[PDB]
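Protein chains: 2
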Amino acid sequence: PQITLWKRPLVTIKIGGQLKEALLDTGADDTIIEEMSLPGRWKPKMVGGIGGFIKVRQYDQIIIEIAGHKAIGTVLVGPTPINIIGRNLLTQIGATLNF
Amino acid sequence: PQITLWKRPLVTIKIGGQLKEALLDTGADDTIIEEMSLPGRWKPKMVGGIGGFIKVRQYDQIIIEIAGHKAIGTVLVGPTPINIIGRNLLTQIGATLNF
Ligand SMILES: CCCC[C@H](CC(O)(O)[C@H](CCCC)NC(=O)[C@@H](NC(=O)[C@@H](NC(C)=O)[C@@H](C)O)[C@@H](C)CC)C(=O)N[C@@H](CCC(N)=O)C(=O)N[C@@H](CCCNC(=N)N)C(N)=O
Numbered sequence: 101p102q103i104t105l106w107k108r109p110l111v112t113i114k115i116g117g118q119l120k121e122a123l124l125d126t127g128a129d130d131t132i133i134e135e136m137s138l139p140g141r142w143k144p145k146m147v148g149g150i151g152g153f154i155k156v157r158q159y160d161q162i163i164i165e166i167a168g169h170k171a172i173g174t175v176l177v178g179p180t181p182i183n184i185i186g187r188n189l190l191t192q193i194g195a196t197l198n199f
Numbered sequence: 001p002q003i004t005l006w007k008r009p010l011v012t013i014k015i016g017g018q019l020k021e022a023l024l025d026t027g028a029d030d031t032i033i034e035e036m037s038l039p040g041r042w043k044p045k046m047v048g049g050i051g052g053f054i055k056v057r058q059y060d061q062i063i064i065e066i067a068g069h070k071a072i073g074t075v076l077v078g079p080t081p082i083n084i085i086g087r088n089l090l091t092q093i094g095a096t097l098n099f
């Protein structure tokens, strides 16, 4: 699909058998979702935003469905105001910015 | 142009007669530029995201050239780590997210 930006580009994702809302975020290097239970061991990572840095838990090779497209990659878990799908997974679904 | 997301989608912009590099960010409601001088009166505003909130100055009716495309809208000025072009101006250049 082609998505205009008059409204926030929110989509439905499926992770860990749950449906959650997420923002398609070209301004994010990585993908971050709010606190949830994910399988496997995690590693520590620090990420920065407009207001500074936060500590998140990094999980690898997580299966996640984004607006119907399956992706398998790195997901960070932490205190983010909203679930964000970043470039790491956007490239997997073949997303591009056009104008 | 069609912009892939293997890398950060940065583009050249022209504001206040100055050339700057900016990030095309579908995850940003507004446009935030690094500390610089702009004409007119402004209002204080607080914007947030990952890491918390920061204080910016809001200037309205500012003309900005985004990668060649002239647009007009509100521009926030503050201590941002990177110049961000949000949806308020992305819509004006007809930018879309395709996948
Ligand atoms: C420095 C600012 C870079 C811009 C983006 C912003 C954004 O991710 O698009 C987020 C996503 C939405 C909320 C989480 N948008 C925002 O943060 C924007 N917020 C908003 O639009 C709304 N705010 C809220 C809280 O809803 C609006 C209501 O104000 C603001 C820019 C203000 C309009 C951002 O935070 N990117 C992080 C995402 C986290 C991540 N790791 O992917 C990033 O890539 N950080 C990189 C490097 C960033 C560049 N380097 C640096 N010097 N910090 C990193 N690896 O840590």
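Heads up: the sequence lines are chains B and A, in that order. Numbered as in the authors' numbering, the first sequence ends at 199 without a single skipped number. Numbered as in the authors' numbering, the second sequence ends at 99 without a single skipped number. For each residue, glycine too, the CB sits at the ideal point set by N, CA and C.
When you compare the CB of residue i with every CB in chain B, is at least one pair closer than 7 Å?
i: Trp6 (chain A); result: yes
i: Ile33 (chain A); result: no
i: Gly49 (chain A); result: yes
i: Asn98 (chain A); result: yes
i: residue 134 (chain A); result: The shown model of chain A, from 1 to 99, leaves out residue 134 (chain A), and the question about it has no answer.
i: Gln61 (chain A); result: no
i: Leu19 (chain A); result: no
i: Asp25 (chain A); result: yes
i: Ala22 (chain A); result: no
Return yes when the Cβ of residue j is within less than 7 Å of the Cβ of residue i, no when it is not.
i: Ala167 (chain B); j: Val111 (chain B); result: yes
i: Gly94 (chain A); j: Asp25 (chain A); result: no
i: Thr80 (chain A); j: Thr104 (chain B); result: no
i: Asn198 (chain B); j: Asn83 (chain A); result: no
i: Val56 (chain A); j: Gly78 (chain A); result: yes
i: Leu190 (chain B); j: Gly173 (chain B); result: no
Drop a sphere of 10 angstroms on the beta-carbon of residue i, count the other beta-carbons inside from all chains shown, and report buried for 16 or more, exposed for fewer.
i: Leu23 (chain A); result: buried
i: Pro9 (chain A); result: buried
i: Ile163 (chain B); result: exposed
i: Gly48 (chain A); result: exposed
i: residue 79 (chain B); result: Any answer about residue 79 (chain B) is impossible in this case: the structure gives chain B only from 101 up to 199.
i: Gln118 (chain B); result: exposed
i: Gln2 (chain A); result: exposed
Rounding to the nearest angstrom, what Cα-Cα distance links residue i and residue j in this structure?
i: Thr31 (chain A); j: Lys143 (chain B); result: 33 Å
i: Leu76 (chain A); j: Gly52 (chain A); result: 16 Å
i: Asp160 (chain B); j: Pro139 (chain B); result: 9 Å
i: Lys14 (chain A); j: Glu134 (chain B); result: 36 Å
i: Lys20 (chain A); j: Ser37 (chain A); result: 13 Å
i: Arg141 (chain B); j: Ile150 (chain B); result: 29 Å
i: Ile54 (chain A); j: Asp129 (chain B); result: 21 Å
i: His69 (chain A); j: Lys7 (chain A); result: 22 Å
i: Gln158 (chain B); j: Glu165 (chain B); result: 18 Å
i: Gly116 (chain B); j: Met146 (chain B); result: 23 Å
Quick check on residue i - is its C-beta less than 7 Å from some C-beta in chain A?
i: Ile185 (chain B); result: no
i: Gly194 (chain B); result: yes
i: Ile164 (chain B); result: no
i: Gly173 (chain B); result: no
i: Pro139 (chain B); result: no
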